[PDB]
Amino acid sequence: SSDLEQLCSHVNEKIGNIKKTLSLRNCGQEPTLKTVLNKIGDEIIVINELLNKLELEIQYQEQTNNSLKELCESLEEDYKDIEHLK
Amino acid sequence: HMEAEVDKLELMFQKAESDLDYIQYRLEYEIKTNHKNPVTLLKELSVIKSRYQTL
């Protein structure tokens, strides 16, 4: 790495570091960004509750497919019973 | 001579640096004076975009 190149990288780092601290100021001050940022942040809270609901609905869905299997089982016993006999 | 020219160039760069340095210093100041952020928002978006496909 040359003395020239090393300078450039010093520059880009100062430049880049500003641009980041810039967007940090913009997004935390300017209103139009600040809403769309809260709109996302709010819509995260809901899409989080939508998960908990999907969680219970899964551990419910399973527990019926469990019963809806355990029924189907007993129901091929009482048929193979009536299939053998009559 | 050219050494003098270079002395100038070096002088200019030094300025450009303290120019940049100021711009930064200011942004940091405006920032300190006021009071979410996209940073944690990404982590949250990966936690959801994951356990969606898991669920």
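Each value in this text was obtained by applying a stated rule to the coordinates, not by laboratory testing. In this analysis, Cβ positions are derived from the backbone assuming ideal geometry, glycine residues included, and neighbour counts consider all displayed protein chains.
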Checklist outcome for this item: Given (1) more than 9 Å from every other protein chain (Cβ to nearest Cβ); (2) under 27 Å from the mean Cα position of the chain (by Cα); (3) aliphatic (A, V, I, L, M), residue A:51 misses just (1)
Item to check | Qualifying residue in the stretch A:26-37 (condition: more than 26 Å from the chain's Cα centre (by Cα), at the interface with chain B (Cβ under 10 Å from one of its Cβ atoms) and at negative phi) | outcome: yes
Next on the checklist: Testing residue A:3 on (1) more than 27 Å from the chain's Cα centre (by Cα); (2) surrounded by 10 or more Cβ atoms within 10 Å (Cβ to Cβ); (3) more than 10 Å from every other protein chain (Cβ to nearest Cβ), one condition comes back false. Which one is that?
Outcome noted: (2)
Item to check | Subset of the stretch B:27-55 [β-branched (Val, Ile, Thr) and at the interface with another protein chain (Cβ under 7 Å from one of its Cβ atoms)] | outcome: B:31, B:48
